[PDB]
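# Residue-level structural notes
Below, each chain spelled out in residue letters.
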Amino acid sequence: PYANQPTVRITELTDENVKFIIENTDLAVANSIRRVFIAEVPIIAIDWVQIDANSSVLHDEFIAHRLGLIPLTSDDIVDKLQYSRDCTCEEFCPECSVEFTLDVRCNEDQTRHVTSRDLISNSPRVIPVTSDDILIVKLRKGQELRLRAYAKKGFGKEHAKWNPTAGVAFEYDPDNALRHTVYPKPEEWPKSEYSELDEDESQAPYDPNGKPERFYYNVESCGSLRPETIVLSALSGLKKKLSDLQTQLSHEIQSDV
Amino acid sequence: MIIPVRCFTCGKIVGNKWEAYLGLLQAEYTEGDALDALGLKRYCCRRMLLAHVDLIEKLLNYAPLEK
Amino acid sequence: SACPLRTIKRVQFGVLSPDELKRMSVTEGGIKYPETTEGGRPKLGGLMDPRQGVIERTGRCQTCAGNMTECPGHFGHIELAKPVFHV
Amino acid sequence: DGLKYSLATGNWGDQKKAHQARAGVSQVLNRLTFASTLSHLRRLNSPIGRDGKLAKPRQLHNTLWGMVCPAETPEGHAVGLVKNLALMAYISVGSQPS
Amino acid sequence: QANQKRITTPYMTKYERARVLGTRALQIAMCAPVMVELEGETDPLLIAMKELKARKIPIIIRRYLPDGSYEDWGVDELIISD
Amino acid sequence: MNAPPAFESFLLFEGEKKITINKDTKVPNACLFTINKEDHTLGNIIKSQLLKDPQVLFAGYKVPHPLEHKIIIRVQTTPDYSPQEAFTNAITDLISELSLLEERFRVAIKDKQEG
Amino acid sequence: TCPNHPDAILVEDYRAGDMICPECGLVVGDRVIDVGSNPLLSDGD
Amino acid sequence: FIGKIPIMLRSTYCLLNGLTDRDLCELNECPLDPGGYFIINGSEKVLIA
Amino acid sequence: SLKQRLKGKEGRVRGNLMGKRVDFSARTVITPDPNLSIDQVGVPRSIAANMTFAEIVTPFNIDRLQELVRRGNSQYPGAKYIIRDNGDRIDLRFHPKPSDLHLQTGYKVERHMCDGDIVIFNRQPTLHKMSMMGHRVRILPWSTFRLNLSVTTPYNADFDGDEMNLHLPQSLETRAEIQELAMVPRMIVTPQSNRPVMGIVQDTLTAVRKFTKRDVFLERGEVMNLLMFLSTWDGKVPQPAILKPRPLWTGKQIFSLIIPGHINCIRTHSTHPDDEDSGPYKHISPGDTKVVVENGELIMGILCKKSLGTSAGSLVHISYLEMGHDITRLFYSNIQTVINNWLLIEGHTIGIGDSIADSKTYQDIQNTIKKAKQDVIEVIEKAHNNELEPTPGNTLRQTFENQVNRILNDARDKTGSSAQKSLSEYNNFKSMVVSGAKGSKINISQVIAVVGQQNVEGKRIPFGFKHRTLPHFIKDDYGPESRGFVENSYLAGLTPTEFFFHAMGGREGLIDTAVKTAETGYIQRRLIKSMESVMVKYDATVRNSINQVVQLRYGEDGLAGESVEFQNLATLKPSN
Amino acid sequence: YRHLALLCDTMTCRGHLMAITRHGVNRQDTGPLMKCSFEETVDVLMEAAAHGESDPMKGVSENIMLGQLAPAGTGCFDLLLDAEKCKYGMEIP
Amino acid sequence: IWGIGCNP
Amino acid sequence: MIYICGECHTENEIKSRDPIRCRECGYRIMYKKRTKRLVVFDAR
Amino acid sequence: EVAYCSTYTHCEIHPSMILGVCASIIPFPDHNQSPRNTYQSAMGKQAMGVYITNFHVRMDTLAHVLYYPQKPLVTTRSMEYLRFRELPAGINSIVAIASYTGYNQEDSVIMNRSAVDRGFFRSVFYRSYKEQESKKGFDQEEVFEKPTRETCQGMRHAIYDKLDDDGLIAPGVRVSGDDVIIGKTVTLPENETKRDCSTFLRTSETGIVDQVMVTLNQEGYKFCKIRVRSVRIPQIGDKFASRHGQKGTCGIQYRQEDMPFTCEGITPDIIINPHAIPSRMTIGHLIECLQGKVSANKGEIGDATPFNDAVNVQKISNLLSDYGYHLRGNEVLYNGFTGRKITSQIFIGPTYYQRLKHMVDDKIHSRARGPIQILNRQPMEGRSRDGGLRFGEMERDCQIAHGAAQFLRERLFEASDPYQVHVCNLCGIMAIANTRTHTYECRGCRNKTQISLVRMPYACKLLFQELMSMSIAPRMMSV
RNA sequence: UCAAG
Ligand SMILES: CO[C@@H]1[C@H](O)[C@H](n2cnc3c(=O)nc(N)[nH]c32)O[C@H]1COP(=O)(O)OP(=O)(O)OP(=O)(O)O
Ligand SMILES: [Mg+2]
Ligand SMILES: [Zn+2]
Ligand SMILES: [Zn+2]
Ligand SMILES: [Zn+2]
Ligand SMILES: [Zn+2]
Ligand SMILES: [Zn+2]
Ligand SMILES: [Zn+2]
């Protein structure tokens, strides 16, 4: 009646990708970790825009949306930052937000490409993943865009702008042995990259005793967080959710009795 | 009208890759080769760059409302 | 309001008597004036008679204090010089 | 004023006389999509009344091969009574017979 | 009619049940006394349903025969259609 | 116009209890836990860990409606065991598993880099 | 003309179409907006 | 002077006839606009055949 | 003119008296919601806030209504107005004096519509009585009306832009009328055909067929999750059908818990072999057909449209006839919830792999078409030689068309049968056709084998040009391709001429739909007007308004149409 | 069969085949307002006025027009209060 | 679209 | 009360009940300038 | 060949040219059922996209422009001449044909909420309001100015703070429903000061002013056009359709975590019910998904000309087999909620989906004690006028069949047009009645005692009075 | 007049 002891092997580790294999774990835990990658890893992204002048062809809310989708480096400052709801100060302060300011005007005849590099942050740690560049808008001569934006901490359950990952690849039982998916014609299906079978055999023989284990992961990052940091923060955040549940449950249990 | 940041299906930033894609096409790369070189691997991401129509240049052809 | 509430149990249909039309109509002497406006707005003995119905959503018709809701309207009569077949 | 009135109202005739006027001509151009604009410009309207439910004018005819789109017709009370030209179809402008 | 020689159905019709429950509920909403003890029931319609189950609704149904006569069946006398 | 705000999915509004424990009258030693402002993430882990316990006879989770944000978890335990005890022990076990996984993932990171 | 408020300006309303006393909210006039409903050329014809 | 005839857009007698796409842009008219419609009383009307 | 005003539709007589625009009514797009019960409807919050139901203040409910008054219009569970004893209406939006907010018995607070408020739900056209049913209100946080999928069949509504009308009764008397006469559970069975109106539909039907197969075995946790969505569960886990080696429940075992009470029913699956009943294995059915439910437990059988659909003797019909309307409502909802949560584990799909068939089957279809074209050629040559003999009562042209159509139809059906033989068990077209959720054998045949003959006005494609169908064909060509036979399937793709002929056939279908709507509407209105006042009097005679006796007893036996059932006399047929 | 038989009985009740049309339905001696709701309208009203016809007000449509409770179901009977039963029982409020 | 006895 | 001009894009202040004509171009199609008050846009 | 015709005199340039403009955008038209091509021809006219490149200059009522139009991945050759690539209307979407949660049943569609957040099928709605300062009246002048409650005897309690001095709201100001876009005042002749003549925003527009223009119209009076912009994020009521006649609303929106995911991590943007395909027989949709997968992997836009004979399903399947996927396009999916593999393999591929103009926000209406008509004193008609829904004659027949006489009475009398009249007992004709004076008298009888109150719909009173004006006497007698 | 069922 106790938790299984999981293990991890990291097959690949790059700047934008982490491949790891979690073994001796339940399927529910592995899928929940995959889910927390997507929806519950906090990141800093723009959520407040005040546009002073917008002569571009794109309307103001278009520019606001594009700005929000721009990833911002949140490697270490996101843990320090507090949610805007938690902060005592009214609206936004340096402890609860990061201020970005953008001023661009096209006076040259050539079209001016407003890029993420033109976004200027008051805090050095949070930068728009620049150290090409994301194109916010293109400006004709005589067109000007000036705006002021504040970035808040949040996770992807609120909005996809706070989604740390690009694509989380989750796969278990690479050669179908628990028969969780029943192929009508086993031969036609392409073999998995993790499959251990020889070319002749399409599926592994059915194992009734076996249960899902040795889950394979591939986490890719947008550059907002280090791909290792996404996994570590997801594990820590899920642990925090469970601990909060335990505290509230203890309160209810004691109060009822 | 303009290349979308963050490919819809997965979320990979694809807004920085439009000008590079056009330049690779000018370099006589095939569209598939350009997509491979840019690092777009999943067909969801390749859809974004391959099927994008850049209307913002046509919109920029018009003179500005205020000079 | 003092009148008791009743539900119609029989509807009797008949041709209106000309004498009954004369008695029932609030307008007396008929509609003598084609114009609807006299004294500026109201034309007595005209098409828009204050006694016939409430006008302008704020006035009260002469016959009753309708206030544009209570008054059901009141009929008027035109005395044709020579009789005309009803179609 | 005569030309402007007939275009604006959609009634083909004079202002005083609407008895011989034909309604339904000169509709406002649809600008929901470029396809809608193009199809509105290339449109045919059969004069048969919509109220009549006789089905002969509505059915697709063999002679509409290549002249009128077989698929594009409004569905409802005007099935087959409004038609769209095919892509290559060209209506004749007219010439003298001399 | 006389109380004897009642020819209508002993069972309460569905329309009678609907109108009796609605009318009794409207009366209960207007602070009419409730025959049945309520077990924390505040909605008037539910209290009317409880009364109907207990057959304590103080309404007598007058059923008009097509010949013009009427037969007065009390709600208690009628067998509930349920 | 009737769209709910995005923060409503995870933020408890004032006066809302994260966990409410209501016993089940139908069967002995069964309790029905209602978790507010939570989704399949927490529910599936808790149900799985409960199912691993030999003394837990029944364990399941249900989202009553996807548009609303609530989890209902039914736990039935054998006599000499309490459903609330099983819930607490499940949470402790999940926390232990996650902590061990964090330590081993950090070690793997350190080994992969410069090694 | 709110009966309890001598010389009270009644605010017009568009939702139900009535004039309402702003200090007490009494509806004076129930549905008295309804719909609420060339003079230059020639004259009356 | 005997009156005024409405002009269908981009026909031979319209101002937009024989104009390069840059010139159409300078007049704030789309190069891809098909034409074939009258602007009567400020609204574009199409004569259904 | 006065006569013009009164006479026409939308005049005073009909457009303003028989029907009229009404207050307390709302309309918006409808979208699905499997989680809502049959009687529940999901109302948006704005619609719920605008619509108000006046509540009389009683000593019982004075506190609750006082809280609602305090909340006001802005907060959603609030009160828009207060109606005093004098009839004075205090709009709470504009500032009411704190004295005005105080409530006493007899005041009427107009609260916003809340969960559990009975409403009437309508979809035009209102063809039958089931098109207006009383629904309980559940407020959900989006701007579309949400109704359960089973309730779509009475309304004839699908969620492709449809809309429905919501009417809120404003009095306790009319609310009770709706509650006890027109609620959805009360109108499960129609008196028109003494069949249930509503049945399991779409994903739930397709998945109930798969769930009830002999193959389906469920492990412990899956059974836990499925039982979680069963509302009437006793809390006791059924003993697994396979105790060892590993405890494994069966789909029928779980569905038996859904079945209400103790219901006995015997039905046959769609694929039931005809010879099975006579031969051995009649009771131990080899194909797991012959659905039998004993003591409310599914002993055997694969559920399908026949067992759980809208037909006489269905499991739902027997539930309504035996258990009652409330338990049947729970039955519908529980089937949907449990089966839809199992479908997450199993899943359903449609792909090109379903349309494609084996190479041998394609060759067989091609050979059938080849020999059919040869037979049509032989008939044509016989007609040209005048060897053909006219069928009695028919001209030679008519009999030639008859014989050619017979040959083409036989080839079409044979190719369709070959395609249907090719289908595997895993084929999803076959899953949906066998379950009865959607599609037909004809659609499979057209998808895989042969689209078929295109007929317009009951004949092959006519000679629109002079003596030829299209300019591409030769004059006086009565062959199969020329006159409209589409040899290719949809998957294979139609040749251009076949595309045009197929367009002609589809146009005929569209025109028929458009015409039938109007003509049927007129017929229905005339029937209703002729028979509107006829009713069963307390003499149980059926009399009109004039009191003339139409029938001495209703239906000649004085019984209602919903309670009756099909039965066999069993004394009539046997010999002496 | 009940629904078919009822239509057949209404059409053949009078002894002459009554078509479900304006002619057959309106010729039957129903109330003038009920005839007015179906097709002919104003002409029916004019004829009824000429001959001094009286509307019995027993029809459903006639009662619907005047806003009264219809004689249909839930309107067939008239409920009366039972004083003796009101006295009996526990009058808690 | 099927045959003469079926549908168009 | 500053109107931008369509033809020459030069702001001209126009008083109430004054003809709508841009000085320096004569064009009669004016646009009102963007308001000074600022609107918060959620990037969402 | 085997001799059929040896006297051909002309040849077709290409058979696909029989189709028109709207039917030419359909990919693989020959693989669909004919009514479905007909339906797509109508649906394509209602799709959203950039209608014209000069849309910023144009001030049109009801203009919708999509944020990120994309050209089809599977396109017809004849689309190039239609300029569909230049001005596309729709977005290629990863579509899974599966039954996930039952919210895609019937024709509804499950959409990815994370994709919607990233800009998927987002649009802008521009509405233009025109007003003209008319001085044509002899003593009436409709001057543009900001109305003042004290100065103007006629006014409304909606917000007037937005209006500037000119009476026109400045661009960039948010406007909620029932706000004053334009303020206009008609000088009132003093027969013996001001009847308000402002224009008010359509309810629930909730937009930001984009452009405000002041000109002189054809008549020479001052003309003002105001364009209001409203972004429209897709909701669970909006209507989405493919190019193969499959239309449906959005059943529900699931986030990327909840949506089913492939092993690569690709989650469908749109999930459509498998039950739509078989009855409708739109196989062109399936072939378009297969060709779209092949095109996205290969990097070349797929060719879907109607009649090709060089493009077959088998060839597309082999091409897809080269790129590492199942040849028929099926993919193994994992359940988002639990992570278990779905036993059936779901058919996933990119498909061009369109967004139609019909949206739930424009189609939602609720009425409760609103304004009434003048002639009938019945509720108004239409969403703009806060009109109630009509309780038609078919509806009343249904209610009669129910036996719900009192609900029928409420709906047809009490909810719509309640009214009271006074009728003489001696003669059925209505009688004059002064409630305030408390004197009730009947003309023609010289009788005051015998008068009875009758409750009837106002429409019935109007009917009886119109009968009386035709000399018919509808004598309603209580006896 | 044009769409929505
Ligand atoms: C199924 O029947 C309905 C109803 O009868 C109602 N309805 C629709 N139009 C009318 C009309 O003009 N007049 C009247 N009286 N009723 C009307 O609509 C019918 C079907 O029409 P459709 O055949 O287009 O439905 P798809 O099969 O097309 O559904 P997809 O796959 O798009 O969701
Ligand atoms: Mg539909
Ligand atoms: Zn702060
Ligand atoms: Zn991607
Ligand atoms: Zn009066
Ligand atoms: Zn007051
Ligand atoms: Zn200028
Ligand atoms: Zn009198």
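Residues numbered from 1 in each chain as written, not as in the entry; some residues may be left out. Chains lettered and ligands numbered in written order. Part of a larger assembly, values for the part shown. Heavy atoms only, no water.

The next point concerns the overall build of chain M. A tally of helices and strands in chain M yields nine helices and 26 strands. A globule of 479 residues ought to have a C-alpha radius of gyration of about 23 Å, yet chain M, at 32 Å, is considerably larger. Dimensions of chain M along its principal axes, counting C-alpha atoms only, are 100 × 65 × 60 Å. For chain M, the exposed surface amounts to about 15000 Å²; the carbon and sulfur share of it is 47%. Measuring between centres, the 58 positive side-chain charges of chain M sit 4 Å from its 51 negative side-chain charges. (Helix = DSSP H or I, 4+ residues; strand = E, 2+ residues; numbered from the N terminus. Rg over C-alpha atoms; globule rule 2.2 N^0.38 Å. Areas by Shrake-Rupley, 256 points an atom, 1.4 Å probe, with all protein chains shown as cover. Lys, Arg positive; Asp, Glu negative; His and termini not counted. Charge placed at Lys NZ, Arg CZ, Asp CG, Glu CD.)

Let us now look at the coordination of the zinc ion (ligand 8). All names here are of chain M. Protein coordination at the zinc ion (ligand 8) comes from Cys424 (SG), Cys427 (SG), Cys442 (SG) and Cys445 (SG), with a distance range of 2.3 Å. Around the zinc ion (ligand 8), the four donor atoms are arranged such that angles at the metal cover 103 to 119°; this shape is classified as tetrahedral. Residue classification places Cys424 among the buried residues on the basis of a relative accessible area of 1%. (Donors = N, O, S within 2.8 Å, 3.2 Å for Na, K, Ca; no water. Tetrahedral: all angles 85-135°; square planar, octahedral: opposite > 155°, others 65-115°. Buried < 20%, exposed > 50% of the residue type's maximum accessible area, 1.4 Å probe, protein only.)

What follows is about the coordination of the zinc ion (ligand 7). Residue and element names in this part refer to chain L. Bound to the zinc ion (ligand 7) are the protein donor atoms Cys5 (SG), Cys8 (SG), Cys22 (SG) and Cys25 (SG), situated 2.3 Å from the metal. One can describe the donor arrangement at the zinc ion (ligand 7) as tetrahedral, given that its four donor atoms subtend angles of 99 to 115° at the metal. Motif for the zinc ion (ligand 7), donor spacing along one chain: C-x2-C-x13-C-x2-C. Placement of the pair is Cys5 in strand β1 (residues 2-5) and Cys25 in the loop between β2 (12-13) and β3 (30-32), with a sequence separation of 20 residues. You can call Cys5 buried: its relative accessible area is 0%. By relative accessible area, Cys25 is classed as partly exposed at 24%.

With that out of the way, let us pick up the UniProt feature "binding site: Zn(2+) 1" (unreviewed entry) in chain M. Residue and element names in this part refer to chain M. As annotated in UniProt, the feature "binding site: Zn(2+) 1" (unreviewed entry) corresponds to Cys424, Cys427, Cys442, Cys445 and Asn447 in the numbering used here. Sequence-wise these annotated residues cover 24 residues; spatially they are packed, their C-alpha atoms never more than 9.8 Å apart. By the element assignment, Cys445 lies in the loop between β24 (439-441) and β25 (451-455). Apart from residues no more than four positions distant in its own chain, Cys445 is found in contact with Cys424, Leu426 and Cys427. Following the sequence through the fold, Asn447 ends up in the loop between β24 and β25. Looking at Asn447, the relative accessible area reads 8%, which means it is buried. With near-sequence residues (within four places) excluded, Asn447 lies in contact with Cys424, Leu426, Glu441 and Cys442. (UniProt positions renumbered as here; feature names shortened; annotations may be inferred. Contact = heavy atoms within 4.5 Å.)

This next bit is on the UniProt feature "binding site: Zn(2+) 2" (unreviewed entry) in chain M. Mapped onto the present numbering, the UniProt feature "binding site: Zn(2+) 2" (unreviewed entry) falls at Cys445 of chain M. Residue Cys445 of chain M is classed as partly exposed on the basis of its relative accessible area, which comes to 30%.

With antiparallel pairing, four strands are arranged side by side in an open sheet as β1-β2-β10-β9 (chain A). Each having just a single partner strand, β1 (7-13) and β9 (165-171) of chain A make up the two edges of the open sheet. Taken over all neighbouring pairs, the strand axes of this sheet differ in orientation by 15° on average, direction set aside. Taken together, the six bridges between β1 of chain A and strand β2 (residues 17-23) of chain A define a ladder with antiparallel strand orientation. Paired with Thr7 of chain A across the bridge in β2 of chain A is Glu23 of chain A. Packing of helix α4 (residues 227-256) of chain A onto the sheet brings it into contact with β1, β2, β9 and β10 (215-221) of chain A, and relative to β10 of chain A it is tilted by some 120°. Packed on one face of the sheet, helix α2 (residues 83-112) of chain F meets β1 and β2 of chain A and runs near 35° to β1 of chain A. (Pairing = 2+ DSSP bridges. Axes fitted to C-alpha atoms, helices over the stretch in contact; angles between N-to-C directions.)

Next up on the list: the protein's contact with RNA strand N. In the vicinity of RNA strand N, the contacting residues are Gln27 and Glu75 of chain D, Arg123 and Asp162 of chain I together with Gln46, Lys239, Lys247, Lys357, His358 and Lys363 of chain M. Those atoms of RNA strand N that come within 4 Å of the protein belong to sugar or phosphate at a rate of 100%. One nitrogen or oxygen atom from the side chain of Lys363 of chain M is found 3.4 Å from a sugar or linking oxygen belonging to RNA strand N. (Near = heavy atom within 4 Å. Polar contact = N/O pair within 3.5 Å; in protein donor to acceptor, adjacent residues only side chain to side chain.)

Time to look at the interface of chain I and chain D. Opposite the 21 residues of chain I that make contact, chain D presents 16 residues. When the two sides are added together, the surface that chain I and chain D hide from each other amounts to roughly 1800 Å², 69% of it contributed by carbon and sulfur. Interface area lost by chain I to chain D is led by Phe500, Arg507 and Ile511 of chain I, which between them contribute 37%. Where chain I meets chain D, there are one salt bridge. A salt bridge links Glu457 of chain I to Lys56 of chain D; the shortest N-O distance between them is 3.1 Å. (Buried area = accessible area lost by both parts, 1.4 Å probe. Salt bridge = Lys/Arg side-chain N within 4 Å of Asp/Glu carboxyl O.)

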